[PDB]
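Written below as structure tokens is the structure these notes are about.
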Amino acid sequence: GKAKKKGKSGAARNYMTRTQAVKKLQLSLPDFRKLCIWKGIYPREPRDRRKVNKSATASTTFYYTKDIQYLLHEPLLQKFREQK
Amino acid sequence: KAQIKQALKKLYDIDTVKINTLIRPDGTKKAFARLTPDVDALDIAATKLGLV
Amino acid sequence: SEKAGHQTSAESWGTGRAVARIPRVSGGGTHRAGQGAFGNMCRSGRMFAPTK
Amino acid sequence: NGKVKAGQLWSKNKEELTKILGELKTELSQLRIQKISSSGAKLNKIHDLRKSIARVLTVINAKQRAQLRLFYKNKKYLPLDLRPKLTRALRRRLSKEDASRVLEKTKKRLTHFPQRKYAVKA
Amino acid sequence: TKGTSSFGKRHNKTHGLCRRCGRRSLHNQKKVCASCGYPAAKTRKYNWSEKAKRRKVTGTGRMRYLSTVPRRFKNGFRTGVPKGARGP
Amino acid sequence: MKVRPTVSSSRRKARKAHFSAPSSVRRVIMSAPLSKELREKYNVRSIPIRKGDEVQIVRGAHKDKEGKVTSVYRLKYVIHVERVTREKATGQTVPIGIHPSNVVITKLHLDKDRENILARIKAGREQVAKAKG
Amino acid sequence: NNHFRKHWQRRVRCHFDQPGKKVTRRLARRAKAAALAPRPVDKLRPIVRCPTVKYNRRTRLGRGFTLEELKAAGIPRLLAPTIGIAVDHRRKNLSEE
Amino acid sequence: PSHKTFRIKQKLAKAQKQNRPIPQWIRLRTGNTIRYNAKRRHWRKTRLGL
Amino acid sequence: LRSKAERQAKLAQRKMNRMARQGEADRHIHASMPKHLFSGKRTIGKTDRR
RNA sequence: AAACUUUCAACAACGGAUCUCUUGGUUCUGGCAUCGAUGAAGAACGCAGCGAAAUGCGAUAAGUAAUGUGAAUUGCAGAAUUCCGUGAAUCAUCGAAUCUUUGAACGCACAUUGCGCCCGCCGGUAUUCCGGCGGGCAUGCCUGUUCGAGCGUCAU
RNA sequence: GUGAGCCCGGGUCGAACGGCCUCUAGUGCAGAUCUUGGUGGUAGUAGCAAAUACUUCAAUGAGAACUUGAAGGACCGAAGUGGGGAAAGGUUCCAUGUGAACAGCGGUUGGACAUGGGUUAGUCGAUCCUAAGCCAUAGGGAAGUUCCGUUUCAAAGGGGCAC
RNA sequence: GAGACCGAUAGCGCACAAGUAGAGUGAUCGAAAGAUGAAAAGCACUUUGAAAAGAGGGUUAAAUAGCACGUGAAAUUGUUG
RNA sequence: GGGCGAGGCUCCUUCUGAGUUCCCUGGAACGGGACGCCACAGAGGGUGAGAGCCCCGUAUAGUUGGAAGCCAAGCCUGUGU
Ligand SMILES: [Zn+2]
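Residue numbers (the authors' numbering), protein chains in the order written: chain CJ, 2 to 85; chain LX, 105 to 156; chain LC, 54 to 105; chain Lh, 4 to 125; chain Lj, 2 to 89; chain LY, 1 to 133; chain LL, 11 to 107; chain Ll, 2 to 51; chain CH, 612 to 661.
Encoded structure:
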């Protein structure tokens with residue numbers, strides 16, 4: 002039917018960078034790294050990183066979108082905000 | 105079409121290769137479902153549907 | 054009822070050559086259109102000196 | 004067959020009620036094709052299964068709502084469907100305690116000078 | 002030629018069906034219903050046409066919720082189940 | 001003469017209620033008197049008629065006929081009695097509708113609800129007689 | 011003298027409900043008496059003299075007793091309305107009679 | 002036209018289903034007053050007003 | 612019963628057959644006294660018909 | 001003389017007056033206070049074994065539950081009702097529910113059954129693809145929470 | 001009985017009605033180019049005369065100028081009486097059957113009546129874009145229903161990096 | 001709940017599937033239309049007709065009540081004298 | 001200051017008197033004649049024609065069962081920070 006657009010599906014939806022992850026979770030970088038270590042969120046590698054992000058380099062860290070969405074429901078985020 | 109093929113599969117174990125749908129002048133939807141060549145539509149109509 | 058015979062829109066066709074100058078119900082497509090109204094001598098009209 | 008009494012349904016719990024609902028829906032789906040293929044006494048049966056499906060759904064919904072009311076028995080906020088309906092004006096009306104609150108000066112005056120019970124001799 | 006021949010050129014539509022009142026009164030260029038006044042919030046009514054008011058007044062339709070209110074008032078808006086009744 | 005303000009002596013309202021009464025009201029309206037033996041047995045003057053009762057016709061052109069009530073047709077306010085029929089032109093039989101006030105019940109179709117009705121009517125009658133006596 | 015140059019027919023008030031309103035008032039009085047029993051249904055009113063030179067020959071019932079009257083009769087002004095005595099704080103006593 | 006919307010086609014479908022005579026068992030009912038379909042429509046006679 | 616039902620259906624059409632309606636759908640009411648033919652006066656200027 | 005025209009009478013037509021009827025109006029009197037974002041009034045589309053309307057209802061669709069009554073419904077067809085009963089009915093009452101698309105109508109729209117976004121669940125070989133289901137996303141305003149901006153006023 | 005009228009007989013008919021004295025009124029018709037409805041003479045009359053035109057056999061049927069098949073004769077003459085669409089209509093399309101009504105003559109025929117059937121898309125359209133234009137938001141008028149305003153006197157948001 | 005009201009051209013526009021059918025682009029305008037019989041017992045069967053129907057023969061207390069249906073006026077028409 | 005509270009009121013629910021006696025007309029008595037009965041019920045309606053006694057109801061005191069409020073004669077108590 003309607004024509005799909007480029008970059009709206011595939012690895013672009015499968016992965017996100019660390020910047021997009023911290024902006025999605027609205028966390029500081031130490032809290033994000035701490036929560037990733039505690040919950041077992043591991044860095045990933047796409048086959049083509051340019052399909053995920055055009056500004057990605059060899060040092061860019063990637064995570065799974067479903068992993069970040071699973072982190073989005075962690076009760077420790079409320080604890081972080083309460084402590085702040 | 106996806107809902108029709110899913111309902112056919114989970115009702116009568118029917119595998120369809122394609123489905124064409126129209127809406128009749130009386131307001132109901134009519135669906136033509138073409139089956140896989142391995143299964144026989146005449147056998148399905150005789151046994152599962154009872155259309156003889 | 055104080056509205057009896059006055060729940061119509063009717064106007065006299067004027068002095069002419071054919072019909073009397075009673076007010077006649079406007080419109081079309083029904084028997085009521087063109088018929089007289091508001092008179093005590095008219096069918097379905099207000100009577101003379103309605104009772105209070 | 005196919006006319007399930009409500010007295011039988013009021014003793015079952017959730018899973019076998021869903022099983023009965025499924026088998027009634029399956030037999031209804033079969034007997035609609037039987038209706039369009041031939042004419043017989045099966046029309047009474049499809050009417051019976053339609054009413055049986057209605058009864059099973061009613062029983063399941065009633066038990067679900069009773070369990071939810073028991074869960075929300077002692078909580079401050081209830082779901083809007085479980086809250087009492089009344090009317091909109093009745094819901095926005097002041098509560099009986101807020102309507103019966105009086106000032107402390109009024110409380111003192113009503114405490115020490117209430118309406119007395121009296122009679123006048125003739 | 003203002004009559005019969007000019008009536009042949011009538012093949013457009015000034016009004017379409019209104020989503021709120023169902024009449025063919027929704028002006029296709031102004032997007033305003035001539036009967037109920039959609040898309041204004043209030044339904045259009047005037048006091049110079051009691052007939053027009055009575056054609057759409059409450060009770061001329063279905064009374065789908067409002068017809069059950071007097072019975073609930075008569076019973077006092079009670080809530081619950083009759084004592085000893087079968088159920089959950 | 002009626003005294004209570006909830007009672008209406010309007011003929012129009014009475015006829016509207018009678019001809020638009022629902023089925024449960026028409027059951028009460030279609031009552032029949034009991035026979036002398038049943039009256040002295042149960043201390044009950046009247047009871048609603050139902051299918052399976054045994055009646056005797058006391059009015060109309062079918063007087064003194066006796067039979068079982070085969071149908072209570074509440075829509076036209078009539079009852080059907082066995083063998084109280086007429087012949088159509090074709091030769092088939094067709095039942096003749098009788099009003100229940102034109103019959104008298106000679107044998108009651110008895111079940112526990114009917115016994116409950118008769119017992120409570122008899123109890124109310126004897127209570128009323130004892131109170132007014 | 012009498013003229014009808016306005017639309018007088020919109021505001022003609024007939025009184026066919028006069029006996030019904032009398033019945034309603036009597037029922038309300040019986041209900042009030044039953045609620046207030048054994049107290050009287052009305053309050054004690056003072057005797058006052060009508061104003062102007064036309065009506066000063068006659069006395070009638072007033073609104074309520076003055077504070078000076080209550081103090082001279084020995085009834086406190088808070089107890090007085092609770093035993094069926096009407097109290098009026100606007101009226102003054104200009105003479106001893 | 003052949004080009005039509007779903008709403009218009011739905012209204013035409015309802016009109017097509019309503020365009021029928023009354024069943025013959027209606028006239029044999031007790032106290033029946035209906036003798037014909039007094040709201041019957043024809044394509045040439047009167048318009049749907051859509 | 613089918614014969615009686617068909618007879619009732621055919622006897623229901625007698626008034627519309629005397630009115631010469633083309634079916635039960637023909638319910639159109641014709642203007643028997645039109646205003647343009649039964650009102651106004653013909654002056655020396657422009658006329659409403661030729 | 002017949003025909004024709006006219007008059008009188010009888011019967012038969014045409015038509016629907018008159019009389020009698022009235023589940024209807026009209027007027028008066030008495031009582032009562034009860035609509036809606038917990039989604040109203042109104043609109044559309046559907047639902048019966050056999051219905052187009054009226055009536056009733058909403059995919060639980062001429063209806064479900066509950067209470068009461070106690071043997072029907074009926075135009076046909078087909079089944080009843082263990083009749084000494086968790087029980088007929090187009091029954092009544094009615095406190096539990098269901099309540100399609102809309103509409104103040106609320107994701108953006110709507111002359112589109114158009115286009116989105118967020119979070120879960122399920123199925124198809126599937127970390128990416130495809131589909132289905134569920135719960136949400138209007139505006140103004142009030143109270144509170146939390147994150148903030150400003151050399152606006154200061155303390156340090 | 002002067003009279004308006006009253007009473008009786010004969011026929012028709014099927015559920016109510018009358019005399020007298022008071023009370024009450026929406027109370028007495030030939031007209032109003034009166035209102036509604038119904039019906040006459042005209043009158044079996046005017047008329048059914050544009051678009052060149054029909055004929056033979058057989059079948060169907062109670063009944064055939066206007067149904068069908070064949071046989072002939074003609075017409076539209078490619079700016080058509082052809083083949084397809086847009087608006088508008090909504091089932092008029094197709095099969096089977098048909099009493100009445102309608103097809104200003106007939107009718108077995110029919111766009112009529114009755115019962116059924118029929119419209120299948122990743123590729124054709126809509127859906128997307130903007131045109132002329134219209135409607136929100138900010139804000140300002142207006143007693144108000146609402147009007148102006150569509151880039152503004154708006155804190156109107158995107159991306160990246162980080163031991 | 002009632003009436004010194006109206007009794008289907010009246011009374012509300014509507015006693016009936018009436019704010020319906022129908023008309024109008026639209027705002028809006030807006031009807032006509034009740035009564036077989038106690039009970040369908042709504043004419044079996046024969047006969048003439050292509051059928052509608054007719055004639056016998058029936059039902060009914062009555063068809064001089066035949067789903068054109070209580071009563072059945074006048075205008076107007078047919079036949080007979 | 002608290003807490004009981006007899007009892008009463010308001011609302012739905014079960015139940016209530018007496019001829020289908022005889023004769024005539026009639027298709028059918030609900031009509032006419034005779035003999036009765038009930039009535040704090042002879043209002044109204046239905047039933048094959050004008051029915052107090054055929055049926056529903058109607059009149060009056062009550063009498064079963066249930067829910068929720070209100071009024072209330074009296075009775076237990078703490079006493080003054
Ligand atoms: Zn509208």
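Even for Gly, the Cβ is constructed at its ideal location relative to N, Cα and C.
heavy atom of ligand 1 below 8 Å from Lj:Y39 C-beta: Your numbering for residue 39 of chain Lj matches position 38 in the fifth sequence. Taking the Cβ of Lj:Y39 as the reference point, at least one heavy atom of ligand 1 falls within a distance shorter than 8 Å.
Beta-carbon proximity of LC:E64 to LC:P103, cut-off 9 Å: Locating residue 64 of chain LC in the third sequence gives position 11, where the first residue counts as 1. Locating residue 103 of chain LC in the third sequence gives position 50, where the first residue counts as 1. Not closer than 9 Å, so no.
With 16 other Cβ atoms within 10 Å as the buried cut-off, status of CH:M630: The residue labelled residue 630 of chain CH in the question sits at position 19 within the ninth sequence. With fewer than 16 other Cβ atoms from the protein chains shown falling within 10 Å of its own Cβ, CH:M630 counts as exposed.
Alpha carbon of LX:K105 to alpha carbon of LX:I127, nearest angstrom: Numbered from 1 along the second sequence, position 1 holds the residue referred to as residue 105 of chain LX. Numbered from 1 along the second sequence, position 23 holds the residue referred to as residue 127 of chain LX. Our two residues, LX:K105 and LX:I127, have alpha carbons roughly 13 Å apart in a direct line.
Short Cβ contact (9 Å threshold) for LY:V28 with LY:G52: In the sixth sequence, counting from the first residue as 1, residue 28 of chain LY sits at position 28. In the sixth sequence, counting from the first residue as 1, residue 52 of chain LY sits at position 52. No, the pair does not count as a contact, with Cβ atoms beyond the cut-off.
Top-ranked residue by Cα proximity to Lh:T109, from LL:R101, LL:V22, LL:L88 and LL:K102: Position 106 of the fourth sequence, counting from 1, holds the residue named residue 109 of chain Lh. Of the candidates LL:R101, LL:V22, LL:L88 and LL:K102, the one whose C-alpha sits nearest the C-alpha of Lh:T109 is LL:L88.
Closer than 8 Å: CJ:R48 CB and nearest ligand 1 heavy atom: Here the question's residue 48 of chain CJ lines up with position 47 in the first sequence. No; taking the cut-off as 8 Å, the Cβ of CJ:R48 has no heavy atom of ligand 1 nearer than that.
Residue closest to Lj:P89, alpha-carbon to alpha-carbon, out of Lh:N64, Lh:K54, Lh:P82 and Lh:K124: Against the fifth sequence, residue 89 of chain Lj aligns to sequence position 88. Comparing alpha carbon positions, the residue from Lh:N64, Lh:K54, Lh:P82 and Lh:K124 closest to Lj:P89 is Lh:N64.
CB contact below 9 Å: Lh:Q37 versus chain LX: Locating residue 37 of chain Lh in the fourth sequence gives position 34, where the first residue counts as 1. So yes, Lh:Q37 belongs to the interface.
For Lh:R58 and Lh:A9, the rounded distance between their alpha carbons: For the purposes of this step, residue 9 of chain Lh is identified with residue 6 of the fourth sequence, where counting begins at 1. For the purposes of this step, residue 58 of chain Lh is identified with residue 55 of the fourth sequence, where counting begins at 1. Going from the Cα of Lh:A9 to the Cα of Lh:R58 covers about 7 Å.
Contact test: Lj:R21 Cβ vs ligand 1 heavy atom, cutoff 8 Å: Here residue 21 of chain Lj is taken as the residue at index 20 of the fifth sequence, counted from 1. Yes, the Cβ of Lj:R21 comes within 8 Å of a heavy atom of ligand 1.
heavy atom of ligand 1 below 8 Å from Lj:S50 C-beta: For the purposes of this step, residue 50 of chain Lj is taken as residue 49 along the fifth sequence, with counting starting at 1. Result no, Cβ not under 8 Å from ligand 1.
Where the alpha helix (DSSP H) containing CH:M627 begins and where it ends: Numbered from its first residue, the ninth sequence carries residue 627 of chain CH at position 16. That run of the alpha helix (DSSP H) goes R625 to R629.
Other residues of its chain near LY:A32: CB distance less than 6 Å, five sequence neighbours each side excluded: Against the sixth sequence, residue 32 of chain LY aligns to sequence position 32. Around LY:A32: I49, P100, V103 and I105.
Lh:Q37 versus Lh:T90, Lh:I49 and Lh:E26, residue with shortest Cα-Cα distance: To locate residue 37 of chain Lh, count along the fourth sequence from 1; it is residue 34. Comparing Cα positions, the closest option is Lh:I49.
Identity of the residues DSSP links to LL:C24 by a beta bridge: In the seventh sequence, residue 24 of chain LL corresponds to position 14, counting from 1. LL:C24 pairs with nothing; no bridge assigned.
Local Cβ density within 10 Å of Lh:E18, reported as buried at 16 or more and exposed below that: Reading the fourth sequence from its first residue, position 15 is the one you call residue 18 of chain Lh. Exposed.
Inter-residue Cα distance where the pair is Lh:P87 and LY:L108: Residue numbering aside, residue 87 of chain Lh sits at position 84 when the fourth sequence is read from its first letter. Residue numbering aside, residue 108 of chain LY sits at position 108 when the sixth sequence is read from its first letter. Put simply, the backbone Cα of Lh:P87 is about 50 Å away from that of LY:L108.
Whole-angstrom distance between LY:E66 and LY:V58, CA atom to CA atom: What you label residue 58 of chain LY is simply residue 58 of the sixth sequence in a count that begins at 1. What you label residue 66 of chain LY is simply residue 66 of the sixth sequence in a count that begins at 1. A straight line joining the alpha-carbon of LY:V58 with that of LY:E66 spans about 10 Å.
Backbone CA spacing between Lj:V58 and LC:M100 [nearest angstrom]: If you number the fifth sequence from 1, residue 58 of chain Lj lands on position 57. If you number the third sequence from 1, residue 100 of chain LC lands on position 47. Answer to the nearest angstrom: the Cα atoms are 29 Å apart.
Host alpha helix (DSSP H) of residue 96 of chain CJ (start-end): Chain CJ is shown from 2 up to 85; residue 96 of chain CJ falls before or after that span and cannot be answered.
Reference CH:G634, options Ll:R21, Ll:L29 and Ll:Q25, closest by Cα: By one-based count along the ninth sequence, residue 634 of chain CH stands at place 23. Out of Ll:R21, Ll:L29 and Ll:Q25, the CA that lies nearest to the CA of CH:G634 is found in Ll:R21.
Under the three-state DSSP convention, the category Lj:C19 falls into: Working through the fifth sequence from its first residue, we reach residue 19 of chain Lj at position 18. When DSSP states are grouped into helix, strand and coil, Lj:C19 belongs to the coil group.
Where LL:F14 falls, given that 16 or more other Cβ within 10 Å makes a residue buried: Taking the seventh sequence and counting its residues from 1, the one referred to as residue 14 of chain LL is at position 4. Exposure of LL:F14 is indicated by the presence of fewer than 16 other C-beta atoms within 10 angstroms of its C-beta.
Cβ distance (whole Å) where LL:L54 is taken to contact LL:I95 below 8 Å: Translated into the one-based positions of the seventh sequence, residue 54 of chain LL becomes position 44. Translated into the one-based positions of the seventh sequence, residue 95 of chain LL becomes position 85. So it is a contact: roughly 5 Å between Cβ atoms.
Three-state secondary structure assigned by DSSP to LY:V3: Locating residue 3 of chain LY in the sixth sequence gives position 3, counting from the first residue. Correct three-state label for LY:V3: coil.
Beta-carbon proximity of Lh:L24 to Lh:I56, cut-off 9 Å: Stepping through the fourth sequence from its first residue, residue 24 of chain Lh is reached at position 21. Stepping through the fourth sequence from its first residue, residue 56 of chain Lh is reached at position 53. Result yes, Cβ atoms of Lh:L24 and Lh:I56 sit closer than 9 Å.
Cβ shell of LC:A57 (< 8 Å), same chain only, five flanking positions each side left out: As a first step, residue 57 of chain LC must be located in the third sequence, where it is residue number 4. Correct list, in chain order: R99, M100 and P103.
Check: Lj:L27 C-beta below 8 Å from any heavy atom of ligand 1: Residue numbering aside, residue 27 of chain Lj sits at position 26 when the fifth sequence is read from its first letter. Answer for Lj:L27: yes, Cβ within range of ligand 1.
Sequence-distant residues of the same chain with beta carbon closer than 6 Å to LL:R101, five excluded per side: Stepping through the seventh sequence from its first residue, residue 101 of chain LL is reached at position 91. So the qualifying residues of the chain are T76.
Contact with chain Lh by LL:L89, beta-carbon distance below 9 Å: The sequence position of residue 89 of chain LL within the seventh sequence is 79, counting from 1. For LL:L89, a Cβ of chain Lh is located within less than 9 Å of the residue's own Cβ.
Where LX:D130 meets chain Ll, residues with beta-carbon distance less than 8 Å: Here the question's residue 130 of chain LX lines up with position 26 in the second sequence. Correct list: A14, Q17 and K18.
Contact set for Lh:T29: own chain, Cβ-Cβ below 6 Å, skip 5 residues either direction: The residue labelled residue 29 of chain Lh in the question sits at position 26 within the fourth sequence. Around Lh:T29: no qualifying Cβ.
Straight-line Cα distance separating LL:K31 from LL:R39: By one-based count along the seventh sequence, residue 39 of chain LL stands at place 29. By one-based count along the seventh sequence, residue 31 of chain LL stands at place 21. So the alpha carbons of these two residues sit roughly 12 Å apart.
Euclidean distance between Cα positions of LY:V7 and LY:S20: Here the question's residue 7 of chain LY lines up with position 7 in the sixth sequence. Here the question's residue 20 of chain LY lines up with position 20 in the sixth sequence. Straight-line Cα distance between these residues: approximately 18 Å.
Close beta carbons around LY:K122, own chain, < 8 Å, minus the five adjacent residues each side: As a first step, residue 122 of chain LY must be located in the sixth sequence, where it is residue number 122. For LY:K122, where only same-chain residues beyond five positions count, the Cβ hits under 8 Å are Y42, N43 and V44.
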